[PDB]
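Every chain is named by a letter (A, B, C, D, E and F) in the order it is written, and numbering of its residues begins at 1.
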Amino acid sequence: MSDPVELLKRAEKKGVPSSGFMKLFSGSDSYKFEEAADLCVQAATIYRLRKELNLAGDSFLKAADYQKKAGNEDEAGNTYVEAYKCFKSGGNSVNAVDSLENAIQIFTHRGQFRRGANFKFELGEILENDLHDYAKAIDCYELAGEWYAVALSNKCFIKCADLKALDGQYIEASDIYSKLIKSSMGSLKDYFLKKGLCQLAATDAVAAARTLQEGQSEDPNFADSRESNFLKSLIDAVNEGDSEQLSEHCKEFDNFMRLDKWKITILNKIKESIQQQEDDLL
Amino acid sequence: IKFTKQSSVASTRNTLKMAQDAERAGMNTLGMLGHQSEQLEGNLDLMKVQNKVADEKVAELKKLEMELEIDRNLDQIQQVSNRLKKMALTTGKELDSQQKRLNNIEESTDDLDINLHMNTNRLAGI
Amino acid sequence: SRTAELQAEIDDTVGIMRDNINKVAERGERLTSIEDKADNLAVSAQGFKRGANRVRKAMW
Amino acid sequence: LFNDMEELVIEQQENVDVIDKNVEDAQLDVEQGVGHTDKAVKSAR
Amino acid sequence: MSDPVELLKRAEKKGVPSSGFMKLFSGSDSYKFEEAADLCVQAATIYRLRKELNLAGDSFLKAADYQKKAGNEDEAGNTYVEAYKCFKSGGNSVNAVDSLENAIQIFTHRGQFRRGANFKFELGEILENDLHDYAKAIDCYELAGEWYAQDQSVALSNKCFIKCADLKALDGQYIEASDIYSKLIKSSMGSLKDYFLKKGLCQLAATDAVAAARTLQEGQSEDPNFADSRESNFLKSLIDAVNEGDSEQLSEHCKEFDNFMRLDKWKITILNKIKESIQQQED
Amino acid sequence: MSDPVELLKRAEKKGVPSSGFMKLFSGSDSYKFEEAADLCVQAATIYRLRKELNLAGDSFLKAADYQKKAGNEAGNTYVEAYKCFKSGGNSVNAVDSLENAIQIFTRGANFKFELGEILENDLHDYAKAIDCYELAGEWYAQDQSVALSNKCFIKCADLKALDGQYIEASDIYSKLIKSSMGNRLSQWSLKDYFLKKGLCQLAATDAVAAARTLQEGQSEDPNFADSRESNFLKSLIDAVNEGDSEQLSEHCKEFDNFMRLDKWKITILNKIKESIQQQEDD
């Protein structure tokens, strides 16, 4: 097998654009860039065969850059996707994020907004789990959902609303939950609940009651659902300012339907808001 | 007492009927999903190989009593529900697997089409 | 107790079927996508066949 | 719920049929094309 | 980022076909149209990124027209789908309808009646909800169902026919709605429980109580499930009420039916016209 | 729109192979056949747009024949011929088109199952339908598609039992039982399978085999042991053993009262009762 380092050196040698007098006799530089990209791809496949995933990703990145210089944007985007794949497999989240960004830009510029949305969702996943950059993940999910906008957009909006509510943006999360409810009208059972919870995290008990009434009147399944009773109980508890009653209702709800960390955080902030109200009582 | 029991009997009869409809529904869906799974990759693999050959050829070219009934109904409905949720679960697994395979096929097809485009363009250059 | 268990099993199965119903929506969309790229692929394959034939005649 | 599940799958049956068809034709037109490039290379040599 | 207006101007400049003497030395105009379409697509993506959805839709439309002039009909159809897509997101229903029409024509002309049917169903939805053009929505749904039937897709044709029959019954065409319900029943034999009911209701909106009784008998004898269903009893009660001309009895039966199974606006309209037909009979 | 008749005439004119001296100067005839096939496809799409489905099917058939002569698409065109002939009510031409498409593909199993359906419902050629179903099931088994092969074998066994071939139908039912054993999804199918098998064995006057099948089903599948089908099969076996036709009729009515019988079972039990009558003649 050829030495990947020698192939990369040859690609770099061929990747130098024609300059000065030579430009008047040398044809289009696109062919040189194409050859350099092919050499980089060969060296990088050799790296991948050796499980040196990060070097292979760097070599795909160089090949993608050369392809961009050659005008073959689609091949550059595919090579960037390969860079993202091998960087993610290699544990290099930052380079994977960068590769996904270039691929997304290339795809969006070429009218492939579908590919852009898929890779934006993957980028948001990488940001949320690997890098913990929750704001960028929210942006990626929102954008992916917008381009997707029923089911994929609904998934992206679920992720966006979840992160936004966990990030202190309860009103925006509730708005996204309303959008999800409207798109899914005619997940809803939970949506209503979650929305109300967010409205209750924002201390807007009236909005939570309005959401509960809308869900009860619009969706017969939600009206008789345990989620509706739990939301009504939470609304009543916040209205009476009985934090212990809210805790009892949460335990009762957990006993039949297990709560998730999102709900834990929302209700914890709600209880701390009751404590803050108790501070305002003095 | 009799009227309420009769309403309960009618209710359970309709419930058994509905459950069987569902059982008739889950099984055909599973059959078709199995069929579509078989339909869904080999031709794409062959095309990958043929595009490799085309790449190298093009490159070279360029170089060149009532209660009892109620109980029975209950029993039936339970059995139904049982294997109806088995169907449901496997069908969900099926959905999952098929969607992964779908993504895969899509990627492969896109790649092959790009390859063909490139080949034709380079052939025009020759 | 038997009827309550039956109700619980039926609810769980409805849960599974709506989830499965959300996956099949994703699957129908994906299939429309793969029928859009496969049409493109067939067109491109025919174009490649024809172009290769034209080059075959040229070299001859 | 099962009813719509069997309704979306009947719909998807159309999709699977055409996909199978288009991909086979494509693999049929690629094989012929490769044959043509082979003969072209044989002549150009 | 490039100015979308400048890109559109460049596309327009390149989109002028060669004329006169220049045509004898200039190659095929297809490449110029392709370049103009690419420039329009770039400008339009920039616009969409700016959330100016209507301008982006107009630019996809220009790109699709240039692609049509270039002979790339499939790309034109995809771009038209993009025009419809962004117009619908932008609230411009008319331009969305137009884009769907061009995309549907392109797809049908290329043998992709499936894409045509999907987009015809979407067009019918747009007509029914956004523009309230119920006749065109009925036509779109009927055509989409017919093409889906030609593809052996029983369920989508059944959905399209449900929509078509619903709108037709709401539009005063009870006989045609009942015929479509019969087609749905035949395709679905082996939704039915309701179908029979709905069909009978339509036949009762047309004052043809005998046909409603025939439909009820056929449903009872053919489908055991429908025979013991509450829908069958309700239809029989309605048939009896129309036969005796007791409007109050019909209202009582409707309330009884609502108490256990909620009625929908379609049924409300059908039974209201039926009661008003009893009032006309009273005249 | 172009006249489809003129297009077909042009296709026929172009479809004439080069002969004699002209063959020494004319290139490969494949291109002429391809052009004729394209012209036929255009004329046929025009026919389809006019709802003249039979003419469109004939034109697809001509295009498919030309494609075969060209070495290519002919099978797919045959599939289109089958589609439009079936929509046009011409079952014979649809059968022919499915046969050519099946031969080309050998997809063959799917179109063989469709062909068997066409034979069974439209043409009532039950023997050919049985052959098609058996072959489709065998090929599906060769592809490891258990459920499709099981469906084809159900159809084959049903038709074979209705056709007087009880032993073969019972053998196919045994194959179905063996393939479906251990699968939680097909339990009920098994529950019926055993019954049906026994019924076939009882239609053949083979009561001992029916008892053996009942015992095997009871011991192997706990669900079947307590199922109403097992009791009904045991009652039928006892009735045939005592030669009490009236008792068999009573058991059939009792079975119908709780689980409706189908026409297949009606025929099997009618032949069984007529066999008791034949024994009474004896």
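Simple rule for what comes next: contacts are C-beta pairs under 8 Å (C-beta built on N, C-alpha and C of every residue); 3 or more make two chains touch, one makes a residue touch a chain.
Per UniProt, the chains are A, E, F = Alpha-soluble NSF attachment protein.
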Distance-maximising chain from subunit D - centres being C-alpha averages: A
Which of B-F and C-D has more C-beta pairs touching across its chains: C-D
Interchain centroid distance [CA atoms averaged], subunit A/subunit B, Å: 27
Averaged-CA centre spacing for the pair subunit E and subunit A, given as whole angstrom: 34
Separation of subunit D from subunit F, taking each centre as the mean of its C-alpha atoms, in whole Å: 26
Cα-centroid distance, subunit E relative to subunit F, in whole angstrom: 36
For subunit B, residues contacting two or more additional chains: 35, 47, 54, 61, 84, 88, 91, 105, 109, 112-113, 116, 119, 123
Set of subunit D residues in contact with two or more other chains: 2-3, 5-6, 8-13, 15-16, 18-20, 23-28, 30, 32-34, 37, 40-41, 44
Residues of subunit C whose C-beta touches two or more other chains: 17-18, 20, 24-27, 31-35, 38-41, 44-45, 48, 51-52, 55, 58-59
Touch relationships between chains, expressed as pairs: A-B, A-C, A-E, B-C, B-D, B-E, B-F, C-D, C-E, D-E, D-F, E-F
In the complex with subunit D, residue positions of subunit C that touch it: 14, 17-18, 20-21, 24-25, 27-28, 31-32, 34-35, 38-39, 41-42, 44-46, 48-53, 55-56, 58-60
For the subunit C and subunit A complex, residues of the former touching the latter: 18, 22, 25-26, 29, 33
Subunit E residues touching subunit B - in the complex, by the definition given at the top: 225, 228-229
Contacting residues of subunit F [partner subunit B, same complex]: 110, 140, 143, 145-148, 151, 184-185, 187-189, 223
Touching residues on subunit B, where the partner in the complex is subunit A: 111, 114, 118
